[PDB]
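For reference, the structure is listed below as structure tokens.
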Amino acid sequence: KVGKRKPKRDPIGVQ
Amino acid sequence: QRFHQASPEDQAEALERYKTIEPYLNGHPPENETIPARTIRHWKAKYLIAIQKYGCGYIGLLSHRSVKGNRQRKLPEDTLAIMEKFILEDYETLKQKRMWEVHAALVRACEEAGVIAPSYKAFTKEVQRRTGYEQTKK
Amino acid sequence: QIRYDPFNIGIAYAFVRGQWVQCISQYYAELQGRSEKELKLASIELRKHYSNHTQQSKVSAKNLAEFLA
Amino acid sequence: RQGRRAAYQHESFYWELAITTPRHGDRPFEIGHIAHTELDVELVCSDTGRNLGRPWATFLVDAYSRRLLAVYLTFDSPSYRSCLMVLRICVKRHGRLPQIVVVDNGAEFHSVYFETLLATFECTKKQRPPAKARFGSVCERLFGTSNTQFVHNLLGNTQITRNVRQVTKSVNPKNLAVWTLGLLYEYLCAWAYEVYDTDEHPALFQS
Amino acid sequence: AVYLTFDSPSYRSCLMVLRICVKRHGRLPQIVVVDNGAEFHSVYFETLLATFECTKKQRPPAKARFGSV
DNA sequence: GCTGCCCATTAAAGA
DNA sequence: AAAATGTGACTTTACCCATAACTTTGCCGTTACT
DNA sequence: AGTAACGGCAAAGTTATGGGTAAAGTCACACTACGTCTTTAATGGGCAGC
Ligand SMILES: [Mg+2]
């Protein structure tokens with residue numbers, strides 16, 4: 001809605 | 001369960017009954033007894049009945065004072081319904097009305113309806129019995 | 001502990017620290033300089049007065065209810 | 001610990017020993033108090049319906065019979081216009097004007113206009129000391145009654161905003177307000193002129 | 001971790017508090033419980049917690065008892 | 001004339 | 001350079017009247033014992 | 001047959017609970033809370049390349 005981050009599957013673990 | 005229905009002062013009074021009865025159940029009655037003959041006879045008979053039925057006589061000496069008392073409402077039912085409606089629709093509102101003004105409106109509505117009006121104490125007591133989430137949210 | 005004179009609004013007596021101590025109201029200065037015979041009559045008059053006014057809350061409530069309606 | 005403003009509750013009571021001049025006067029139109037307040041009620045625009053805020057109420061009330069002598073309502077802050085007004089109504093529906101008019105240490109009262117008008121109409125101007133409220137106490141409590149009997153029983157009242165930490169968009173009076181300035185003033189005048197006017201007072205045993 | 005700054009809370013406050021937590025001890029907490037404030041429902045904090053295998057928990061709005069500690 | 005590309009701004013709600 | 005304004009509207013106790021639901025008693029009938 | 005102990009009848013008393021009025025007790029009137037920072041996403045202009 002307002003300031004709401006889009007639904008996503010962020011990578012996990014230090015690259 | 002009969003024992004668990006009683007109160008601590010019921011425990012104390014039943015203990016007093018037991019210490020009144022016990023000398024009579026030992027063959028050595030006291031020479032100075034304030035309790036009269038009929039009361040001690042009743043208590044001893046109840047002791048005997050309880051020990052002959054439930055296997056434990058002390059339960060016969062319980063009083064269960066919570067069972068006695070007039071738990072019946074004194075106001076007429078129409079007044080109760082009208083006061084409940086006024087509390088719901090004129091006191092639980094987003095206006096924070098004082099109890100006196102809503103009570104006055106309730107009294108005026110009662111007088112138009114021809115029903116027996118309640119007192120301010122009645123309104124305050126039934127409002128402090130509806131306290132909680134509902135009242136604080138409305 | 002408190003004691004009061006039916007013949008005098010202006011006076012009361014309270015038990016403080018171990019002393020029956022005089023207590024002053026308002027109908028004292030306002031009733032200062034008068035006799036002890038009209039003081040008691042005015043005193044009785046103000047008792048009923050302050051009573052009877054407590055009883056007329058019903059009419060005030062009714063008028064408030066009509067206005068609020 | 002807190003300051004001179006907070007310690008004022010436990011300050012003192014001046015108890016009369018002899019018969020000085022009475023605190024609340026001796027007859028009608030002798031001592032009248034003037035005081036303003038911010039009414040706890042939100043108002044919407046009459047035409048466009050947008051919220052306008054909380055109106056200011058100015059009360060001139062005699063100290064003898066407690067009768068609300070003149071009531072005024074305006075969106076503006078305390079400024080002479082206020083004063084011209086309450087006094088216009090005073091000298092309009094009633095007839096004259098006070099004799100001793102107490103008035104706190106405002107700016108509307110330290111101005112030249114109000115003092116000049118009081119001099120012209122020969123009214124003794126009395127001023128309570130700063131931060132002291134009991135000197136107009138009889139007037140100020142008449143605000144609280146106006147809260148309980150008329151104002152707090154309206155939609156959009158600014159009562160729940162005393163607890164600012166508990167306010168939500170579903171309970172904000174700026175979304176619940178429906179009253180207008182004209183109707184609110186009309187009903188406030190009705191309350192002050194025929195509801196509170198006919199109600200018996202504890203300090204007089206009469207209306 | 002304790003951090004103090006004049007600015008209103010934002011991702012900078014979370015950045016500093018997490019860096020302090022890592023510096024003083026060496027490891028971020030396994031389940032970080034945060035409130036519904038917009039500074040936590042952002043893109044920086046979520047990827048920061050994701051990078052270090054941190055389960056993020058969100059207390060329901062207007063329910064402060066979930067952070068009673 | 002036609003289409004792609006970084007900058008401002010509006011949108012509300014929660015702390 | 002300085003005396004001398006707390007109110008009163010709206011609540012909360014506190015005591016009394018009425019009645020339920022039992023204990024607490026006397027009083028008389030009955031019975032074991034002398 | 002007489003007397004003391006036991007038990008039924010019943011009224012008397014005891015708490016208890018929901019009502020009533022009358023009076024002691026609280027507390028708000030004292031100018032005043034709504035206001036500000038942060039957040040991502042979509043969109044709409046100019047600006048530039050084809
Ligand atoms: Mg106000």
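Every chain in the structure tokens has a letter given in the order shown (A, B, ...), and although residue numbers restart at 1 in each chain, ligands are simply numbered from 1 in the order shown.
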*Please return, as a PyMOL selection string, all residues of chain H lying within 12 Å of chain E when only C-alpha atoms (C1' of nucleotides) are considered.*
chain H and resi 36-40
*Taking only C-alpha atoms (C1' of nucleotides) into account, which residues of chain D are within 12 Å of chain H, as a PyMOL selection string?*
chain D and resi 5-6+8-9+35-40+53-58+77-78+104+106+130-148+158-169+172-174
*In chain C, what's helix (DSSP H, G or I) per DSSP? Answer as a PyMOL selection string?*
chain C and resi 29-31+37-55+57-68
So that I have them on file, write out the residues from the current selection with N, CA, C and O atoms, as a compact mmCIF listing (two decimals), in the first residue's frame.
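Okay, out-v2.txt is ready:
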# COMPACT_ATOMS: atom_id res chain seq x y z
N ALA C 29 -18.39 33.96 60.01
CA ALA C 29 -18.15 35.38 59.78
C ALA C 29 -19.41 36.06 59.26
O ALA C 29 -19.75 37.17 59.69
N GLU C 30 -20.11 35.42 58.33
CA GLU C 30 -21.33 35.99 57.78
C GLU C 30 -22.43 36.14 58.83
O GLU C 30 -23.36 36.92 58.63
N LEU C 31 -22.34 35.40 59.93
CA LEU C 31 -23.28 35.51 61.03
C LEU C 31 -22.61 36.02 62.31
O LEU C 31 -23.00 35.64 63.41
N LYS C 37 -30.20 34.25 69.72
CA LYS C 37 -31.58 33.83 69.49
C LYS C 37 -31.94 33.77 68.01
O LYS C 37 -32.58 32.80 67.58
N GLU C 38 -31.55 34.78 67.23
CA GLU C 38 -31.72 34.70 65.78
C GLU C 38 -30.67 33.82 65.13
O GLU C 38 -30.91 33.30 64.03
N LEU C 39 -29.51 33.64 65.77
CA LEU C 39 -28.49 32.75 65.23
C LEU C 39 -29.01 31.33 65.12
O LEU C 39 -28.81 30.67 64.09
N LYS C 40 -29.70 30.84 66.15
CA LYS C 40 -30.19 29.46 66.12
C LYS C 40 -31.33 29.29 65.12
O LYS C 40 -31.44 28.24 64.47
N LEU C 41 -32.18 30.31 64.98
CA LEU C 41 -33.26 30.23 63.99
C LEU C 41 -32.69 30.21 62.58
O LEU C 41 -33.09 29.38 61.75
N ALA C 42 -31.74 31.10 62.29
CA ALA C 42 -31.06 31.06 61.00
C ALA C 42 -30.33 29.74 60.80
O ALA C 42 -30.24 29.24 59.68
N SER C 43 -29.82 29.16 61.89
CA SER C 43 -29.11 27.89 61.80
C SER C 43 -30.04 26.76 61.37
O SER C 43 -29.72 25.99 60.45
N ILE C 44 -31.20 26.65 62.02
CA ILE C 44 -32.18 25.65 61.63
C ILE C 44 -32.65 25.89 60.20
O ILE C 44 -32.83 24.95 59.41
N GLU C 45 -32.83 27.17 59.83
CA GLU C 45 -33.26 27.51 58.48
C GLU C 45 -32.25 27.03 57.45
O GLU C 45 -32.62 26.44 56.43
N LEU C 46 -30.97 27.10 57.74
CA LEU C 46 -29.99 26.69 56.77
C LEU C 46 -29.79 25.19 56.72
O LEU C 46 -29.21 24.68 55.77
N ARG C 47 -30.29 24.45 57.71
CA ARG C 47 -30.19 23.02 57.68
C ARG C 47 -31.18 22.45 56.75
O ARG C 47 -30.87 21.59 55.94
N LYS C 48 -32.38 22.94 56.82
CA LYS C 48 -33.40 22.45 55.97
C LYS C 48 -33.06 22.92 54.63
O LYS C 48 -33.42 22.30 53.63
N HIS C 49 -32.33 24.00 54.57
CA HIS C 49 -32.06 24.56 53.27
C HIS C 49 -31.13 23.70 52.54
O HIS C 49 -31.36 23.34 51.40
N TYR C 50 -30.10 23.33 53.19
CA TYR C 50 -29.13 22.61 52.49
C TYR C 50 -29.64 21.24 52.23
O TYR C 50 -29.09 20.54 51.41
N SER C 51 -30.71 20.83 52.91
CA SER C 51 -31.31 19.51 52.64
C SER C 51 -32.13 19.64 51.46
O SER C 51 -31.79 19.15 50.41
N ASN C 52 -33.24 20.28 51.62
CA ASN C 52 -34.14 20.45 50.55
C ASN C 52 -33.48 20.73 49.23
O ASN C 52 -34.03 20.36 48.22
N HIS C 53 -32.29 21.35 49.20
CA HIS C 53 -31.69 21.52 47.88
C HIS C 53 -31.15 20.21 47.32
O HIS C 53 -31.12 20.03 46.09
N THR C 54 -30.70 19.30 48.18
CA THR C 54 -30.23 18.00 47.70
C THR C 54 -31.35 17.19 47.07
O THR C 54 -31.10 16.43 46.13
N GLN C 55 -32.59 17.37 47.53
CA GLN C 55 -33.72 16.61 47.02
C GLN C 55 -34.19 17.07 45.65
O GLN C 55 -34.81 16.27 44.93
N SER C 57 -32.62 17.44 42.99
CA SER C 57 -31.80 16.98 41.88
C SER C 57 -32.66 16.35 40.78
O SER C 57 -32.25 16.31 39.62
N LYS C 58 -33.84 15.85 41.14
CA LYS C 58 -34.71 15.22 40.15
C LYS C 58 -35.18 16.21 39.10
O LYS C 58 -35.20 15.90 37.90
N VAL C 59 -35.57 17.42 39.52
CA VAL C 59 -36.07 18.41 38.58
C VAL C 59 -34.95 18.91 37.68
O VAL C 59 -35.14 19.09 36.47
N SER C 60 -33.76 19.13 38.25
CA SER C 60 -32.61 19.51 37.44
C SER C 60 -32.28 18.43 36.43
O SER C 60 -31.99 18.73 35.26
N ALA C 61 -32.32 17.16 36.85
CA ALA C 61 -32.07 16.06 35.93
C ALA C 61 -33.11 16.02 34.82
O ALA C 61 -32.77 15.77 33.66
N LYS C 62 -34.38 16.25 35.15
CA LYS C 62 -35.43 16.22 34.14
C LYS C 62 -35.25 17.34 33.12
O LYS C 62 -35.39 17.12 31.90
N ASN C 63 -34.93 18.55 33.58
CA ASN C 63 -34.70 19.65 32.66
C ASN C 63 -33.48 19.39 31.78
O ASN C 63 -33.50 19.66 30.57
N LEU C 64 -32.41 18.86 32.38
CA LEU C 64 -31.23 18.50 31.60
C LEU C 64 -31.56 17.44 30.57
O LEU C 64 -31.06 17.48 29.44
N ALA C 65 -32.41 16.47 30.93
CA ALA C 65 -32.79 15.41 30.00
C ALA C 65 -33.59 15.97 28.83
O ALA C 65 -33.37 15.57 27.69
N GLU C 66 -34.51 16.89 29.10
CA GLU C 66 -35.28 17.49 28.01
C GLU C 66 -34.36 18.29 27.08
O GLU C 66 -34.44 18.16 25.85
N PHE C 67 -33.47 19.10 27.66
CA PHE C 67 -32.54 19.87 26.84
C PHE C 67 -31.65 18.95 26.00
O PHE C 67 -31.43 19.20 24.81
N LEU C 68 -31.14 17.88 26.61
CA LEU C 68 -30.27 16.96 25.89
C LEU C 68 -31.04 16.17 24.84
O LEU C 68 -30.46 15.79 23.82
*Leaving out segment 63-65 of chain D and any residue of its chain fewer than 6 positions from it, which residues lie within 10 Å of it when counting only C-alpha atoms (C1' of nucleotides), given as a PyMOL selection string?*
chain D and resi 22-33+101-102+136-139+197+201+203-204+206-207
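Those residues in segment 10-46 of chain E carrying a DSSP assignment of strand (DSSP E), computed from the backbone, are residues 31, 32, 33 and 34 of chain E.
Distances from D:95, D:41, D:87, D:194 to ligand 1 were compared using only C-alpha atoms and all ligand atoms, and the smallest one belongs to D:41.
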_Env of residue 99 of chain B: 12 Å cut, atoms = only C-alpha atoms (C1' of nucleotides), seq-sep filter 3 positions within chain, self excluded. Answer as a PyMOL selection string._
(chain B and resi 86-87+90-92+95-96+102-106+119-128) or (chain C and resi 61+65) or (chain D and resi 148-149+152-153) or (chain G and resi 9-11)
*Can you tell me, as JSON, numbers by chain, what residues are no more than 7 Å from segment 3-13 of chain C when counting only C-alpha atoms (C1' of nucleotides), ignoring any on the same chain fewer than 2 positions away?*
{"C": [15, 20, 21, 22, 23, 24, 25, 26, 27, 28, 39, 40, 43, 44]}
Would you write out those residues with N, CA, C and O atoms, as a CSV table (one decimal), in the first residue's frame?
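Done, and the output landed in part-v4.csv:
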chain,number,residue,atom,x,y,z
C,15,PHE,N,-11.9,16.6,66.8
C,15,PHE,CA,-10.9,16.0,67.7
C,15,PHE,C,-9.6,15.9,67.0
C,15,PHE,O,-9.4,15.0,66.2
C,20,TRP,N,-10.5,18.9,71.7
C,20,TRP,CA,-11.7,19.4,71.1
C,20,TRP,C,-11.4,20.8,70.6
C,20,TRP,O,-11.3,21.7,71.4
C,21,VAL,N,-11.4,21.0,69.3
C,21,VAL,CA,-10.9,22.2,68.7
C,21,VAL,C,-12.0,22.8,67.9
C,21,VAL,O,-12.7,22.1,67.1
C,22,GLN,N,-12.2,24.1,68.1
C,22,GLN,CA,-13.2,24.9,67.3
C,22,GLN,C,-12.9,24.9,65.8
C,22,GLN,O,-11.8,25.0,65.4
C,23,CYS,N,-14.0,24.8,65.1
C,23,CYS,CA,-13.9,24.8,63.6
C,23,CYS,C,-14.9,25.8,63.0
C,23,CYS,O,-16.1,25.9,63.4
C,24,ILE,N,-14.4,26.6,62.1
C,24,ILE,CA,-15.1,27.8,61.5
C,24,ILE,C,-15.5,27.5,60.1
C,24,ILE,O,-14.7,26.9,59.3
C,25,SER,N,-16.7,27.9,59.8
C,25,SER,CA,-17.3,27.7,58.5
C,25,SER,C,-17.3,29.0,57.7
C,25,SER,O,-16.3,29.5,57.4
C,26,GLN,N,-18.5,29.4,57.4
C,26,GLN,CA,-18.6,30.6,56.5
C,26,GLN,C,-19.8,31.4,57.1
C,26,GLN,O,-19.8,32.6,57.2
C,27,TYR,N,-20.9,30.6,57.4
C,27,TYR,CA,-22.0,31.2,58.1
C,27,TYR,C,-21.5,31.6,59.5
C,27,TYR,O,-22.3,31.5,60.4
C,28,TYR,N,-20.3,31.9,59.7
C,28,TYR,CA,-19.8,32.3,61.0
C,28,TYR,C,-19.4,33.7,60.8
C,28,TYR,O,-20.1,34.5,61.4
C,39,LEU,N,-29.5,33.6,65.8
C,39,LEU,CA,-28.5,32.8,65.2
C,39,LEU,C,-29.0,31.3,65.1
C,39,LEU,O,-28.8,30.7,64.1
C,40,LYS,N,-29.7,30.8,66.1
C,40,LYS,CA,-30.2,29.5,66.1
C,40,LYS,C,-31.3,29.3,65.1
C,40,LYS,O,-31.4,28.2,64.5
C,43,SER,N,-29.8,29.2,61.9
C,43,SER,CA,-29.1,27.9,61.8
C,43,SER,C,-30.0,26.8,61.4
C,43,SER,O,-29.7,26.0,60.5
C,44,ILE,N,-31.2,26.7,62.0
C,44,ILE,CA,-32.2,25.6,61.6
C,44,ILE,C,-32.6,25.9,60.2
C,44,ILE,O,-32.8,25.0,59.4
*Within 10 Å of residue 72 of chain B, counting only C-alpha atoms (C1' of nucleotides), which residues show up once you throw out same-chain ones fewer than 6 positions away? Write them as a PyMOL selection string, please.*
(chain G and resi 19-20) or (chain H and resi 17-18)
For C-alpha atoms (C1' of nucleotides), I'd like the residues from the last selection saved as a PDB file, in the first residue's frame.
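Result saved to again07.pdb:
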ATOM      1  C1'  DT G  19     -37.264 -11.476  51.558  1.00  0.00           C
ATOM      2  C1'  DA G  20     -34.794 -16.046  50.488  1.00  0.00           C
TER       3       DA G  20
ATOM      4  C1'  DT H  17     -28.417  -9.916  48.140  1.00  0.00           C
ATOM      5  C1'  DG H  18     -30.699  -6.603  45.247  1.00  0.00           C
TER       6       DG H  18
END
*Could you list, as number ranges by chain, every residue of chain H that has an atom within 10 Å of an atom of chain C, counting only C-alpha atoms (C1' of nucleotides)?*
H: 21-23
Selection: 12 Å around residue 31 of chain G, only C-alpha atoms (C1' of nucleotides), excl. self and same-chain fewer than 3 positions, as an mmCIF file with N, CA, C and O atoms (P, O5', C5', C4', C3', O3' and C1' of nucleotides), in the first residue's frame:
data_model
loop_
_atom_site.group_PDB
_atom_site.id
_atom_site.type_symbol
_atom_site.label_atom_id
_atom_site.label_comp_id
_atom_site.auth_asym_id
_atom_site.auth_seq_id
_atom_site.Cartn_x
_atom_site.Cartn_y
_atom_site.Cartn_z
ATOM 1 P P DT H 3 -40.860 -37.367 88.549
ATOM 2 O "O5'" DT H 3 -39.541 -37.686 87.703
ATOM 3 C "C5'" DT H 3 -38.489 -38.444 88.290
ATOM 4 C "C4'" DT H 3 -37.334 -38.616 87.318
ATOM 5 C "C3'" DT H 3 -37.015 -37.385 86.467
ATOM 6 O "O3'" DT H 3 -35.606 -37.251 86.327
ATOM 7 C "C1'" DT H 3 -37.427 -39.215 85.065
ATOM 8 P P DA H 4 -34.955 -35.834 85.941
ATOM 9 O "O5'" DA H 4 -33.926 -36.194 84.769
ATOM 10 C "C5'" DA H 4 -32.860 -37.106 85.015
ATOM 11 C "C4'" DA H 4 -32.360 -37.724 83.719
ATOM 12 C "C3'" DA H 4 -31.909 -36.726 82.655
ATOM 13 O "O3'" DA H 4 -30.776 -37.233 81.959
ATOM 14 C "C1'" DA H 4 -33.693 -38.032 81.810
ATOM 15 P P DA H 5 -29.890 -36.261 81.034
ATOM 16 O "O5'" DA H 5 -30.013 -36.907 79.576
ATOM 17 C "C5'" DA H 5 -29.548 -38.232 79.346
ATOM 18 C "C4'" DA H 5 -30.086 -38.776 78.035
ATOM 19 C "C3'" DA H 5 -29.845 -37.883 76.818
ATOM 20 O "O3'" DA H 5 -29.375 -38.662 75.724
ATOM 21 C "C1'" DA H 5 -32.158 -38.376 77.023
ATOM 22 P P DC H 6 -28.735 -37.946 74.435
ATOM 23 O "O5'" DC H 6 -29.819 -38.195 73.286
ATOM 24 C "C5'" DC H 6 -30.210 -39.523 72.957
ATOM 25 C "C4'" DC H 6 -31.428 -39.523 72.049
ATOM 26 C "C3'" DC H 6 -31.352 -38.552 70.869
ATOM 27 O "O3'" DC H 6 -31.577 -39.248 69.651
ATOM 28 C "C1'" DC H 6 -33.412 -38.300 72.045
ATOM 29 P P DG H 7 -31.224 -38.551 68.247
ATOM 30 O "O5'" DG H 7 -32.643 -38.056 67.702
ATOM 31 C "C5'" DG H 7 -33.697 -38.993 67.529
ATOM 32 C "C4'" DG H 7 -35.012 -38.289 67.250
ATOM 33 C "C3'" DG H 7 -34.957 -37.214 66.160
ATOM 34 O "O3'" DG H 7 -36.113 -37.307 65.334
ATOM 35 C "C1'" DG H 7 -35.852 -36.302 68.122
#
*Which is closest to ligand 1 among D:124, D:12, D:157, D:175, if we use only C-alpha atoms and all ligand atoms?*
D:157
*Could you please tell me, as a ChimeraX atom specification, which residues of chain A have an atom within 8 Å of chain E when using only C-alpha atoms?*
/A:3-5,10-14
For the selection you just gave me, I'd like the residues written to a file as a PDB file, in the first residue's frame, keeping N, CA and C atoms.
ATOM      1  N   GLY A   3       4.363   2.873   1.384  1.00  0.00           N
ATOM      2  CA  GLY A   3       5.656   2.513   1.934  1.00  0.00           C
ATOM      3  C   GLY A   3       5.840   1.034   2.172  1.00  0.00           C
ATOM      4  N   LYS A   4       5.033   0.198   1.528  1.00  0.00           N
ATOM      5  CA  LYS A   4       5.031  -1.236   1.783  1.00  0.00           C
ATOM      6  C   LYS A   4       5.937  -1.919   0.767  1.00  0.00           C
ATOM      7  N   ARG A   5       6.965  -2.606   1.260  1.00  0.00           N
ATOM      8  CA  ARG A   5       7.891  -3.297   0.376  1.00  0.00           C
ATOM      9  C   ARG A   5       7.175  -4.411  -0.377  1.00  0.00           C
ATOM     10  N   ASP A  10      14.096 -12.572  -0.549  1.00  0.00           N
ATOM     11  CA  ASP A  10      15.456 -12.064  -0.563  1.00  0.00           C
ATOM     12  C   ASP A  10      16.456 -13.198  -0.350  1.00  0.00           C
ATOM     13  N   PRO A  11      17.610 -13.136  -1.009  1.00  0.00           N
ATOM     14  CA  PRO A  11      18.663 -14.116  -0.736  1.00  0.00           C
ATOM     15  C   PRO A  11      19.177 -13.975   0.686  1.00  0.00           C
ATOM     16  N   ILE A  12      19.603 -15.101   1.252  1.00  0.00           N
ATOM     17  CA  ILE A  12      20.039 -15.167   2.641  1.00  0.00           C
ATOM     18  C   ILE A  12      21.445 -15.747   2.670  1.00  0.00           C
ATOM     19  N   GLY A  13      22.316 -15.134   3.450  1.00  0.00           N
ATOM     20  CA  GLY A  13      23.700 -15.567   3.516  1.00  0.00           C
ATOM     21  C   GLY A  13      24.593 -14.515   2.892  1.00  0.00           C
ATOM     22  N   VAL A  14      25.732 -14.269   3.532  1.00  0.00           N
ATOM     23  CA  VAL A  14      26.661 -13.259   3.041  1.00  0.00           C
ATOM     24  C   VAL A  14      27.244 -13.737   1.718  1.00  0.00           C
TER      25      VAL A  14
END
